[PDB]
Amino acid sequence: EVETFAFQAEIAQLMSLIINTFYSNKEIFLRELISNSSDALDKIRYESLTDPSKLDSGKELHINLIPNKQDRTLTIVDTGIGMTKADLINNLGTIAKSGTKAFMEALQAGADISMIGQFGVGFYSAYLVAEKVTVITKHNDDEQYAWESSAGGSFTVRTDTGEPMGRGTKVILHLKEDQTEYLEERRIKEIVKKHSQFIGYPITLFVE
Ligand SMILES: COCCNc1cc(-n2c3c(c4ccccc42)C(=O)CCC3)ccc1C(N)=O
């Protein structure tokens, strides 16, 4: 079954701002998603020091960037801690509410959209370039889920029946028609070098 949920008002508001605000420096979405991946990898790595069996679902800690011109998608894959159903439905949104509030206030103060990560809500920057975001995720303590939202105030969660992931997260960006530059090898290389050069995990840029 597919379950549909309403974003809390503040999150819907932030998503609308991200979609509606004129802001040319869209490339920062990638550093935010890679940051999310890095944090998730740090988390499982740290947890594994006390419980080595947490890596039974996979020892390699890495990030893959996968462009697909046929589907017009850019996929950011990591073998981080992943997310439970409760993370997807409740926990992330609960934490994000205060980050969203603070971010929107800072914006009203003169901050700009590129500072979104300082508020812990960098994930939503995905909507700078994507009409729809699909998040496939697998945490050790739960099943594989697909979260999805085209904004408009609602998201869906379902159990995922695609290729099993072992552990980690895939963020699938269904790019906007005018944002296909982010499928180009040289463009992604440029952005990673500029914003994500010191990430402590191998980042592999797949080619088409
Ligand atoms: C320590 O790592 C646990 C959380 N990890 C992630 C979280 C997200 N992410 C998601 C959020 C979110 C909201 C605020 C902040 C981050 C958010 C959603 O609300 C939809 C699902 C994915 C997106 C991607 C990741 C990731 N790559 O692990």
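Residues numbered from 1 in each chain as written, not as in the entry; some residues may be left out. Heavy atoms only, no water.

Per the deposited record, X-ray crystallography is how this structure was determined, to a resolution of 1.74 Å.

Residues in close proximity to the ligand total 14 residues, the closest being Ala40, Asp78, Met83, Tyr124 and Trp147. A distance of 2.8 Å is found between a nitrogen atom of the ligand and a side-chain nitrogen or oxygen belonging to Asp78. Here the ligand loses 88% of its free accessible area of 590 Å² to cover by the protein chains. Where the shell around the ligand is concerned, the elements lending two or more residues are α2 (28–50) and α3 (85–109). Looking at the shell around the ligand, the element that brings in the most residues is α2, giving 4 residues. Partitioned by chemical class, the residues of the shell around the ligand number 8 nonpolar, 4 polar and 2 charged. (Near = heavy atom within 4 Å. Polar contact = N/O pair within 3.5 Å; in protein donor to acceptor, adjacent residues only side chain to side chain. Areas by Shrake-Rupley, 256 points an atom, 1.4 Å probe, with all protein chains shown as cover. Helix = DSSP H or I, 4+ residues; strand = E, 2+ residues; numbered from the N terminus. Nonpolar A, V, L, I, M, F, W, Y, C, P; charged D, E, K, R; others polar.)

What follows deals with the sheet that holds strand β1 (residues 3–6). Pairing between the strands of a sheet is mediated by backbone hydrogen bonds and can be parallel or antiparallel. Spatial strand order, β1-β6-β5-β4-β7-β3-β2-β8: 8 strands in an open sheet with mixed pairing. Since the sheet does not close on itself, it has two edges, and those belong to β1 and β8 (203–205), each with one partner. For this sheet the average axis-to-axis angle between neighbouring strands, irrespective of direction, equals 15°. Where strand β4 (residues 130–138) lies against strand β5 (residues 144–149), 6 bridges are found, and the strand directions are antiparallel. In the strand pairing of β5, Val133 is matched with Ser149. Sheet contacts for α3: β1, β4, β5 and β6 (154–159); angle to β6, the most-contacted strand, approximately 160°. (Pairing = 2+ DSSP bridges. Axes fitted to C-alpha atoms, helices over the stretch in contact; angles between N-to-C directions. Contact = heavy atoms within 4.5 Å.)

On to the packing of α2 against helix α4 (residues 185–195). Running from N to C, α2 and α4 point in directions that differ by 65°, and their axes come no closer than 9 Å. The element α2 and its partner α4 pack so that their crossing is right-handed. Residues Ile28, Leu30, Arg31 and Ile34 of α2 touch α4, and the partners they reach there are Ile188, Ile191, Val192 and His195. When its residues are assigned to classes, the contact of α2 with α4 shows 6 nonpolar, 1 polar and 1 charged. (Left-handed = near helix turned anticlockwise from the far one by under 90°.)

What follows concerns the pairing of β6. The pairing of β1 with β6 spans 4 bridges and is classified as antiparallel. Bridge pairing links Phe5 to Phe155 in β6. In textbook terms, the turn of a hairpin is the stretch between consecutive antiparallel strands, and for β5 and β6 this stretch comprises 4 residues, one of which, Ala151, has a positive phi near 65°.

Applying the stated criterion to the full structure yields 12 salt bridges. Between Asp42 and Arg45 there is a salt bridge; the shortest N-O distance is 3.2 Å. In this pair, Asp42 and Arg45 both sit in helix α2, 3 residues apart, roughly one turn of the helix. Residue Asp42 is classed as partly exposed on the basis of its relative accessible area of 30%. On the basis of relative accessibility, which here comes to 41%, the residue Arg45 falls in the partly exposed class. Put simply, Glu105 and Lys101 hold a salt bridge, and the shortest N to O gap is 3.3 Å. Taken together, the positions of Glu105 and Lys101, both in helix α3 and 4 residues apart, correspond to about one turn of that helix. Given a relative accessible area of 51%, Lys101 falls into the exposed group. (Salt bridge = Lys/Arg side-chain N within 4 Å of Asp/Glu carboxyl O. Buried < 20%, exposed > 50% of the residue type's maximum accessible area, 1.4 Å probe, protein only.)

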